[PDB]
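Enquirer: Input file: start_3.txt. Contents: compact mmCIF, C-alpha atoms and all ligand atoms.
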# COMPACT_ATOMS: atom_id res chain seq x y z
CA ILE A 1 60.12 93.57 3.76
CA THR A 2 60.93 91.25 0.87
CA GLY A 3 64.39 91.86 -0.54
CA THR A 4 67.92 90.52 -0.65
CA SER A 5 70.29 90.32 2.29
CA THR A 6 73.06 92.89 2.26
CA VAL A 7 75.87 94.12 4.53
CA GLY A 8 76.09 97.80 5.40
CA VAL A 9 78.71 99.63 7.41
CA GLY A 10 78.38 102.45 9.88
CA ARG A 11 79.36 104.00 13.18
CA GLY A 12 77.76 103.44 16.57
CA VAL A 13 77.02 105.85 19.42
CA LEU A 14 80.59 105.68 20.73
CA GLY A 15 82.17 106.25 17.31
CA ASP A 16 83.17 102.67 16.50
CA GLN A 17 82.78 101.24 13.01
CA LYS A 18 80.82 98.03 12.54
CA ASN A 19 79.16 96.02 9.81
CA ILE A 20 75.37 95.58 9.95
CA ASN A 21 73.04 93.11 8.24
CA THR A 22 70.58 94.96 6.03
CA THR A 23 67.99 94.17 3.34
CA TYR A 24 67.88 95.82 -0.09
CA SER A 25 64.64 96.61 -1.90
CA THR A 26 64.88 100.14 -3.39
CA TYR A 27 66.29 101.28 -0.04
CA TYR A 28 68.62 99.49 2.36
CA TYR A 29 66.63 98.65 5.48
CA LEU A 30 67.79 97.75 8.99
CA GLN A 31 66.45 94.23 8.59
CA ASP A 32 68.86 91.39 9.44
CA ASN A 33 67.66 88.17 7.80
CA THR A 34 70.58 86.11 9.13
CA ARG A 35 69.06 85.53 12.58
CA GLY A 36 65.79 83.74 13.17
CA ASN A 37 62.82 85.43 11.54
CA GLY A 38 64.72 88.69 11.43
CA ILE A 39 65.91 91.64 13.49
CA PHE A 40 64.16 94.89 12.53
CA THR A 41 65.14 98.41 13.64
CA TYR A 42 62.77 101.37 13.37
CA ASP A 43 62.94 105.18 13.53
CA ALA A 44 60.54 106.71 16.08
CA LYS A 45 61.55 110.20 14.84
CA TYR A 46 61.51 111.81 18.31
CA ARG A 47 57.84 110.88 18.75
CA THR A 48 56.13 108.31 20.95
CA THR A 49 54.04 106.41 18.38
CA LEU A 50 55.49 102.90 17.96
CA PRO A 51 57.16 101.30 16.21
CA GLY A 52 57.62 104.14 13.76
CA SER A 53 59.13 103.44 10.35
CA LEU A 54 61.39 100.56 9.40
CA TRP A 55 64.78 102.24 9.10
CA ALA A 56 65.52 103.05 5.45
CA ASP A 57 68.83 104.31 4.04
CA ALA A 58 69.71 105.20 0.46
CA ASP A 59 73.32 103.92 0.31
CA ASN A 60 73.88 101.22 2.98
CA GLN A 61 76.35 103.50 4.81
CA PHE A 62 75.36 104.54 8.33
CA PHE A 63 77.87 107.20 9.43
CA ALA A 64 75.52 110.09 10.18
CA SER A 65 75.07 111.14 13.78
CA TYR A 66 71.33 110.40 13.44
CA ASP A 67 72.18 106.83 12.36
CA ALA A 68 74.34 105.90 15.36
CA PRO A 69 71.64 104.76 17.81
CA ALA A 70 70.06 102.63 15.10
CA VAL A 71 73.39 101.00 14.18
CA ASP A 72 73.94 99.93 17.79
CA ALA A 73 70.37 98.83 18.56
CA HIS A 74 70.48 96.65 15.45
CA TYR A 75 74.00 95.27 15.95
CA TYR A 76 73.68 94.60 19.69
CA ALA A 77 70.33 92.88 19.20
CA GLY A 78 72.26 90.53 16.89
CA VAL A 79 74.92 89.86 19.53
CA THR A 80 72.22 89.16 22.11
CA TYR A 81 70.43 86.77 19.74
CA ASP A 82 73.73 84.97 19.20
CA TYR A 83 74.36 84.67 22.94
CA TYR A 84 70.99 83.10 23.62
CA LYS A 85 71.21 80.73 20.64
CA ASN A 86 74.87 79.71 21.02
CA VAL A 87 75.07 79.56 24.82
CA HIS A 88 71.54 78.49 25.84
CA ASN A 89 70.12 76.92 22.66
CA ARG A 90 67.28 79.47 22.77
CA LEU A 91 65.93 80.81 19.46
CA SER A 92 64.95 84.44 20.04
CA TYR A 93 62.96 85.66 23.03
CA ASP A 94 60.03 83.27 22.56
CA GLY A 95 62.15 80.19 21.79
CA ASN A 96 60.61 80.00 18.28
CA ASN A 97 62.58 82.68 16.45
CA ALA A 98 60.13 85.54 16.91
CA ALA A 99 61.12 88.63 14.95
CA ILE A 100 63.03 91.09 17.15
CA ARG A 101 61.92 94.71 16.79
CA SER A 102 63.52 97.86 18.22
CA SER A 103 62.74 101.57 17.87
CA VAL A 104 65.31 104.32 18.40
CA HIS A 105 64.97 108.09 18.69
CA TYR A 106 61.98 107.56 20.99
CA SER A 107 60.60 110.85 22.36
CA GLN A 108 62.81 113.85 23.21
CA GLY A 109 65.53 113.87 25.84
CA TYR A 110 64.31 110.46 26.96
CA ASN A 111 66.51 109.04 29.75
CA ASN A 112 65.37 105.41 29.58
CA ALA A 113 64.82 102.30 27.46
CA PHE A 114 62.17 99.60 27.82
CA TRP A 115 60.39 96.53 26.47
CA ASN A 116 56.77 97.59 25.79
CA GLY A 117 55.33 94.06 25.69
CA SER A 118 56.11 93.67 21.98
CA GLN A 119 59.37 95.48 21.13
CA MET A 120 62.41 97.29 22.51
CA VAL A 121 62.36 101.08 22.76
CA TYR A 122 65.37 103.39 23.23
CA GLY A 123 65.54 107.02 24.19
CA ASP A 124 68.32 109.31 23.03
CA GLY A 125 68.92 110.62 26.53
CA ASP A 126 69.24 114.31 27.32
CA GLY A 127 73.02 114.38 26.88
CA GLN A 128 73.51 114.81 30.63
CA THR A 129 72.12 111.71 32.35
CA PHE A 130 72.36 109.52 29.22
CA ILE A 131 73.54 109.51 25.64
CA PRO A 132 71.51 107.28 23.27
CA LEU A 133 70.90 104.20 25.33
CA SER A 134 71.39 101.59 22.60
CA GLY A 135 75.09 102.46 22.78
CA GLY A 136 75.37 100.08 25.74
CA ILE A 137 75.50 96.39 24.88
CA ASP A 138 74.49 95.59 28.46
CA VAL A 139 71.49 97.91 28.03
CA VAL A 140 70.36 96.27 24.77
CA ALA A 141 70.74 92.80 26.27
CA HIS A 142 68.94 93.96 29.45
CA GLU A 143 65.98 95.04 27.31
CA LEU A 144 65.81 91.86 25.21
CA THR A 145 66.09 89.81 28.37
CA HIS A 146 62.86 91.41 29.61
CA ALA A 147 61.18 89.74 26.60
CA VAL A 148 62.80 86.41 27.50
CA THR A 149 61.55 86.72 31.07
CA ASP A 150 58.06 87.64 29.94
CA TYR A 151 57.86 84.55 27.71
CA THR A 152 59.24 82.22 30.41
CA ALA A 153 58.99 82.84 34.16
CA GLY A 154 56.69 85.82 33.62
CA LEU A 155 57.88 87.61 36.80
CA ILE A 156 55.35 90.29 37.69
CA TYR A 157 56.98 93.74 37.56
CA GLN A 158 56.63 94.80 41.19
CA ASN A 159 58.08 94.05 44.61
CA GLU A 160 60.33 90.98 44.95
CA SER A 161 59.30 89.27 41.71
CA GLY A 162 59.94 92.55 39.90
CA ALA A 163 63.37 92.95 41.49
CA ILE A 164 64.19 89.41 40.32
CA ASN A 165 62.96 90.39 36.85
CA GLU A 166 65.32 93.39 36.91
CA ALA A 167 68.28 91.37 38.20
CA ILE A 168 67.77 88.73 35.49
CA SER A 169 68.01 91.53 32.91
CA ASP A 170 71.18 92.93 34.56
CA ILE A 171 72.75 89.45 34.88
CA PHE A 172 72.17 88.49 31.26
CA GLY A 173 72.98 92.01 30.09
CA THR A 174 76.37 91.58 31.77
CA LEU A 175 76.86 88.04 30.47
CA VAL A 176 76.21 89.30 26.91
CA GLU A 177 78.69 92.12 27.50
CA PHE A 178 81.28 89.51 28.50
CA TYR A 179 80.32 87.35 25.49
CA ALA A 180 81.10 90.22 23.13
CA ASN A 181 84.29 90.81 25.18
CA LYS A 182 84.77 94.58 24.65
CA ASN A 183 85.54 96.36 27.93
CA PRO A 184 83.38 93.93 29.94
CA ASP A 185 82.58 94.61 33.57
CA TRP A 186 79.98 93.97 36.28
CA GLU A 187 78.60 97.51 36.01
CA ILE A 188 75.35 98.44 34.22
CA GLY A 189 75.08 101.17 31.61
CA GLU A 190 78.57 102.65 32.01
CA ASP A 191 79.00 103.23 28.25
CA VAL A 192 75.95 105.53 27.96
CA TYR A 193 75.52 106.99 31.48
CA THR A 194 76.61 110.54 32.43
CA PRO A 195 78.99 111.49 29.61
CA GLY A 196 80.40 114.28 31.80
CA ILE A 197 81.43 111.90 34.62
CA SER A 198 84.04 109.19 34.06
CA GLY A 199 84.13 105.93 35.93
CA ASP A 200 80.50 105.73 37.09
CA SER A 201 77.52 103.69 36.00
CA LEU A 202 73.79 103.38 36.59
CA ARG A 203 74.12 100.26 38.81
CA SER A 204 76.95 98.08 40.04
CA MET A 205 76.54 94.33 40.47
CA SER A 206 79.89 93.96 42.25
CA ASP A 207 79.08 96.69 44.77
CA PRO A 208 75.44 97.80 44.47
CA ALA A 209 75.80 100.14 47.45
CA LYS A 210 78.13 102.40 45.46
CA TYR A 211 74.99 103.79 43.78
CA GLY A 212 72.71 103.48 46.82
CA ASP A 213 71.25 100.09 46.09
CA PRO A 214 71.03 97.37 48.77
CA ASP A 215 73.52 94.52 48.94
CA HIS A 216 71.74 92.61 51.71
CA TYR A 217 68.11 91.64 52.32
CA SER A 218 68.10 93.57 55.61
CA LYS A 219 68.57 96.76 53.54
CA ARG A 220 65.73 96.11 51.08
CA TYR A 221 63.37 98.91 50.11
CA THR A 222 59.77 98.35 51.15
CA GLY A 223 58.08 101.53 49.88
CA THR A 224 56.02 102.03 46.74
CA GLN A 225 58.31 104.09 44.45
CA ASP A 226 59.69 102.37 41.35
CA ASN A 227 57.07 99.59 41.45
CA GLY A 228 58.19 98.72 44.97
CA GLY A 229 61.89 99.21 44.25
CA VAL A 230 62.42 96.91 41.27
CA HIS A 231 65.57 98.83 40.14
CA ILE A 232 66.72 99.14 43.80
CA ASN A 233 66.20 95.71 45.35
CA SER A 234 67.67 94.13 42.22
CA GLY A 235 71.01 94.95 43.90
CA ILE A 236 70.48 92.13 46.41
CA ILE A 237 70.16 89.54 43.63
CA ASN A 238 72.81 91.18 41.45
CA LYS A 239 75.25 90.91 44.36
CA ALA A 240 74.38 87.24 44.88
CA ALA A 241 74.96 86.53 41.18
CA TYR A 242 78.26 88.42 41.21
CA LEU A 243 79.39 86.38 44.23
CA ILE A 244 78.38 83.07 42.62
CA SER A 245 80.52 83.91 39.59
CA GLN A 246 83.47 85.81 41.06
CA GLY A 247 83.49 84.83 44.76
CA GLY A 248 84.24 87.07 47.71
CA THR A 249 83.59 87.56 51.40
CA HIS A 250 80.55 89.74 52.02
CA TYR A 251 79.31 90.62 55.52
CA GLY A 252 81.72 87.94 56.73
CA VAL A 253 80.31 85.14 54.53
CA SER A 254 82.80 83.64 52.08
CA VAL A 255 81.69 82.47 48.65
CA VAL A 256 83.77 80.30 46.32
CA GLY A 257 83.33 81.62 42.78
CA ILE A 258 82.40 79.21 39.99
CA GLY A 259 82.68 81.57 36.99
CA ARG A 260 80.36 83.34 34.59
CA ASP A 261 79.45 80.40 32.37
CA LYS A 262 78.13 78.33 35.27
CA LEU A 263 76.33 81.38 36.69
CA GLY A 264 74.57 81.78 33.35
CA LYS A 265 73.63 78.09 33.15
CA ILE A 266 72.21 78.10 36.67
CA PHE A 267 70.19 81.29 36.23
CA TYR A 268 68.97 80.39 32.74
CA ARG A 269 67.67 77.06 34.05
CA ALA A 270 66.08 78.75 37.05
CA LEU A 271 64.38 81.32 34.80
CA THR A 272 63.04 78.79 32.34
CA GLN A 273 62.24 75.77 34.50
CA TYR A 274 61.54 76.91 38.08
CA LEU A 275 60.60 80.58 38.51
CA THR A 276 56.97 81.65 38.26
CA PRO A 277 55.25 85.03 37.94
CA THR A 278 55.07 85.46 41.71
CA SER A 279 58.45 84.08 42.80
CA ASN A 280 60.03 85.90 45.73
CA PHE A 281 63.71 86.05 46.69
CA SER A 282 63.51 82.93 48.88
CA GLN A 283 61.90 81.06 46.00
CA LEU A 284 64.67 82.28 43.69
CA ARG A 285 67.23 80.81 46.08
CA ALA A 286 65.42 77.48 46.00
CA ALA A 287 65.18 77.60 42.18
CA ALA A 288 68.89 78.37 41.85
CA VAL A 289 69.84 75.58 44.26
CA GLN A 290 67.66 73.11 42.37
CA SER A 291 69.04 74.27 39.02
CA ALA A 292 72.63 73.84 40.19
CA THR A 293 71.71 70.43 41.60
CA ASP A 294 70.28 69.36 38.22
CA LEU A 295 73.34 70.58 36.33
CA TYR A 296 76.19 69.69 38.71
CA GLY A 297 74.92 67.35 41.46
CA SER A 298 73.80 67.84 45.05
CA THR A 299 77.32 67.46 46.48
CA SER A 300 78.88 69.84 43.97
CA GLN A 301 80.86 72.99 44.63
CA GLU A 302 78.35 74.80 42.40
CA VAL A 303 75.43 74.01 44.74
CA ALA A 304 77.50 74.95 47.79
CA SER A 305 78.46 78.29 46.22
CA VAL A 306 74.85 79.16 45.35
CA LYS A 307 73.91 78.59 48.99
CA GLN A 308 76.87 80.66 50.26
CA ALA A 309 76.01 83.56 47.95
CA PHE A 310 72.37 83.73 49.04
CA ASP A 311 73.49 83.42 52.67
CA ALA A 312 75.87 86.35 52.12
CA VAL A 313 73.00 88.59 50.96
CA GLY A 314 70.67 87.42 53.74
CA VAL A 315 68.22 85.39 51.60
CA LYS A 316 67.15 82.04 53.08
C1 LIG B 401 69.58 99.29 31.71
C2 LIG B 401 69.06 100.71 31.88
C3 LIG B 401 69.95 101.73 31.16
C4 LIG B 401 67.62 100.82 31.39
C5 LIG B 401 66.59 100.07 32.26
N1 LIG B 401 65.32 100.24 31.58
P1 LIG B 401 64.02 99.14 31.96
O1 LIG B 401 64.34 98.46 33.28
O2 LIG B 401 63.73 98.18 30.86
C6 LIG B 401 62.61 100.27 32.20
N2 LIG B 401 61.35 99.62 31.98
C7 LIG B 401 60.28 100.02 32.63
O3 LIG B 401 60.22 100.94 33.43
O4 LIG B 401 59.22 99.34 32.18
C8 LIG B 401 57.90 99.77 32.68
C9 LIG B 401 56.95 99.19 31.62
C10 LIG B 401 56.09 98.15 31.92
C11 LIG B 401 55.24 97.66 30.92
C12 LIG B 401 55.24 98.18 29.61
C13 LIG B 401 56.11 99.24 29.32
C14 LIG B 401 56.95 99.72 30.31
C15 LIG B 401 66.59 100.67 33.66
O5 LIG B 401 67.30 100.18 34.53
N3 LIG B 401 65.84 101.76 33.84
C16 LIG B 401 65.81 102.44 35.13
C17 LIG B 401 65.74 103.96 34.97
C18 LIG B 401 66.91 104.53 34.14
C19 LIG B 401 65.57 104.66 36.36
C20 LIG B 401 65.26 106.16 36.19
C21 LIG B 401 64.43 104.01 37.21
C22 LIG B 401 66.85 104.50 37.23
CA CA B 402 73.41 106.40 4.38
CA CA B 403 81.74 97.73 29.89
CA CA B 404 78.56 96.91 31.76
CA CA B 405 79.54 108.43 33.07
ZN ZN B 406 64.82 96.54 33.24
Take the structure from the file and write it as structure tokens.
Ligand SMILES: CC(C)C[C@H](NP(=O)(O)CNC(=O)OCc1ccccc1)C(=O)NC[C@H](C)C(C)(C)C
Ligand SMILES: [Ca+2]
Ligand SMILES: [Ca+2]
Ligand SMILES: [Ca+2]
Ligand SMILES: [Ca+2]
Ligand SMILES: [Zn+2]

Expert:
Amino acid sequence: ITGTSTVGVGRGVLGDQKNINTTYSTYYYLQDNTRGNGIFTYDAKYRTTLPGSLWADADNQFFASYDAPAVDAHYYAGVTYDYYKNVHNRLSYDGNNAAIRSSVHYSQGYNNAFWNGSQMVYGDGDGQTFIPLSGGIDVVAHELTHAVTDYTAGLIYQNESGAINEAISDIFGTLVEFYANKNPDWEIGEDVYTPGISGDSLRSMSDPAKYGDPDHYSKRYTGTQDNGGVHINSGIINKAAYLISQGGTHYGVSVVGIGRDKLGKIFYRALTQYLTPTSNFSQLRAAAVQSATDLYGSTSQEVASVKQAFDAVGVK
């Protein structure tokens, strides 16, 4: 909408106060004009018709319980935009400052979040498996990263390419969580998963097997559930990425860690210059090796560590 840029204040899903960029024209809207061609947050009103209504508020204060998922979807989309622009010189998901749209309060008891081809969509959860999913910065960044993937490598959402697609979203979701630097970890969704159980998470990148996901290619899922295991076999790539950054010895193979920033540079370059819609895990290894070679040189520690990490997870 046309209006003037304003700054509201509210409370997110976890109860934390934050400032949000809004737009005033009769109402205060969740429309942040400070980033690209805007970040827009919508109310789906417990229904499934999208996007719903651009979020309107009478007073620019967002402290109601109903407001909390919108506050966080809006704010964490801003952090994710900043990460891509400041760290990778990428302007929004399309590289040309496309408007970023999110809807919250999608459906009833909805234990998921997704990119629908055009926008991000967040359930509220059922209060048992999830609380409103936009409360996780890693979740928000995971969702926006699906848009980045779709505009770049285009990894088809099934089988190995789909597991790479998933892992890319978990990797960058985690790197955004570290960028914001509030309780960062290598776990996925811990802030919004299972409010009655402390210390768990939906997935672990450092130890995927803790939640039943494979940490070696010999343990990959080959059935048809979950689009051929896209949220399962992502553990193999998530573990490789964790090892590249943090190091470790895994199934007897030692990896020298090179840190998160270099992990992000390598995987961003692979995603945007080498991967294709049909890339498989072996092709991801080759893309990561070539990316590290471009950035750091063929004789570099970084190249050697990429090779060690893929060896450790059984991907040649
Ligand atoms: C980070 C996490 C909290 C949320 C993430 N959502 P996502 O991966 O973005 C789901 N997306 C999806 O299924 O898209 C299908 C599609 C394809 C095309 C158009 C529209 C939709 C996820 O890991 N979901 C997995 C869920 C919870 C289980 C039950 C399988 C474990
Ligand atoms: Ca208000
Ligand atoms: Ca965390
Ligand atoms: Ca996390
Ligand atoms: Ca929990
Ligand atoms: Zn995903």

Enquirer: How big is the axis-aligned box, and where does its centre sit, when it encloses all atoms of segment 116-130 of chain A listed in the file and has 3 Å added on every side, reported in Å to one decimal as JSON?

Expert:
{"center_x": 64.4, "center_y": 104.2, "center_z": 26.7, "size_x": 24.2, "size_y": 27.1, "size_z": 17.2}

Enquirer: Would you kindly return, as a short mmCIF file (atom, residue, chain, number, x, y, z; two decimals) with C-alpha atoms, in the coordinates of the input, each protein, DNA or RNA residue with an atom no farther than 12 Å from any atom of segment 19-28 of chain A, considering all atoms listed in the file and excluding same-chain residues fewer than 6 positions away?

Expert:
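As a result, selection25.cif now contains:
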data_model
loop_
_atom_site.label_atom_id
_atom_site.label_comp_id
_atom_site.auth_asym_id
_atom_site.auth_seq_id
_atom_site.Cartn_x
_atom_site.Cartn_y
_atom_site.Cartn_z
CA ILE A 1 60.12 93.57 3.76
CA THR A 2 60.93 91.25 0.87
CA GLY A 3 64.39 91.86 -0.54
CA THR A 4 67.92 90.52 -0.65
CA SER A 5 70.29 90.32 2.29
CA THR A 6 73.06 92.89 2.26
CA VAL A 7 75.87 94.12 4.53
CA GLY A 8 76.09 97.80 5.40
CA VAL A 9 78.71 99.63 7.41
CA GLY A 10 78.38 102.45 9.88
CA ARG A 11 79.36 104.00 13.18
CA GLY A 12 77.76 103.44 16.57
CA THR A 34 70.58 86.11 9.13
CA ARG A 35 69.06 85.53 12.58
CA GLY A 38 64.72 88.69 11.43
CA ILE A 39 65.91 91.64 13.49
CA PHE A 40 64.16 94.89 12.53
CA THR A 41 65.14 98.41 13.64
CA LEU A 54 61.39 100.56 9.40
CA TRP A 55 64.78 102.24 9.10
CA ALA A 56 65.52 103.05 5.45
CA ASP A 57 68.83 104.31 4.04
CA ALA A 58 69.71 105.20 0.46
CA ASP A 59 73.32 103.92 0.31
CA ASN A 60 73.88 101.22 2.98
CA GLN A 61 76.35 103.50 4.81
CA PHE A 62 75.36 104.54 8.33
CA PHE A 63 77.87 107.20 9.43
CA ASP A 67 72.18 106.83 12.36
CA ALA A 68 74.34 105.90 15.36
CA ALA A 70 70.06 102.63 15.10
CA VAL A 71 73.39 101.00 14.18
CA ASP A 72 73.94 99.93 17.79
CA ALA A 73 70.37 98.83 18.56
CA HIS A 74 70.48 96.65 15.45
CA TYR A 75 74.00 95.27 15.95
CA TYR A 76 73.68 94.60 19.69
CA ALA A 77 70.33 92.88 19.20
CA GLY A 78 72.26 90.53 16.89
CA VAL A 79 74.92 89.86 19.53
#

Enquirer: Please provide as a ChimeraX atom specification all residues within 9 Å of residue 291 of chain A, with the sequence filter that same-chain residues fewer than 3 positions apart are discarded (counting only C-alpha atoms).

Expert: /A:265-270,273-274,286-288,294-296,303

Enquirer: Check which residues fall inside 7 Å of ligand ZN 406 (chain B) when counting all atoms listed in the file, and print them as a PyMOL selection string.

Expert: chain A and resi 114+142-143+146+166+169

Enquirer: Between A:16, A:185, A:261, A:150, which one has atoms that come closest to residue 115 of chain A, using only C-alpha atoms?

Expert: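 Checking each candidate against residue 115 of chain A, we get A:150 as the closest.
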
Enquirer: Quick one: everything within 10 Å of residue 256 of chain A, counting only C-alpha atoms, minus sequence neighbours fewer than 2 positions away in the same chain. Send it as a ChimeraX atom specification.

Expert: /A:243-249,254,258-259,301-302,304-306,308-309

Enquirer: When the cut-off is 9 Å and you count all atoms listed in the file, which residues lie near ligand CA 405 (chain B), shown as a PyMOL selection string?

Expert: chain A and resi 129-130+189-202

Enquirer: Record the distance separating atom CA of residue 103 of chain A and atom CA of residue 81 of chain A, expressed in Å with one decimal.

Expert: 16.8 Å

Enquirer: Which distance in Å separates atom CA of residue 152 of chain A and atom CA of residue 271 of chain A, to one decimal?

Expert: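 Answer for the atom CA of residue 152 of chain A to atom CA of residue 271 of chain A separation: 6.8 Å.
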
Enquirer: Restricting the calculation to all atoms listed in the file, which member of A:279, A:92, A:299, A:107 is positioned closest to residue 47 of chain A?

Expert: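 Going through A:279, A:92, A:299, A:107 one by one, the smallest distance to residue 47 of chain A is for A:107.
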
Enquirer: Distance atom CA of residue 51 of chain A-atom CA of residue 104 of chain A, one decimal place?

Expert: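 Result for atom CA of residue 51 of chain A versus atom CA of residue 104 of chain A: 9.0 Å, one decimal.
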
Enquirer: How would you write, as an MDAnalysis selection string, the set of residues no farther than 12 Å from ligand CA 404 (chain B) when counting all atoms listed in the file?

Expert: chainID A and resid 135:142 169:193 199:206

Enquirer: Could you check which of A:161, A:252, A:214, A:300 is closest to residue 282 of chain A, using all atoms listed in the file?

Expert: A:161

Enquirer: Between A:86, A:49, A:33, A:227, which residue has the minimum interatomic distance to ligand LIG 401 (chain B), considering only C-alpha atoms and all ligand atoms?

Expert: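 Using only C-alpha atoms and all ligand atoms, the shortest distance to ligand LIG 401 (chain B) belongs to A:227.
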
Enquirer: Point out the residue among A:66, A:42, A:262, A:93 with the least atom-to-atom distance to ligand CA 402 (chain B), counting all atoms listed in the file.

Expert: A:66
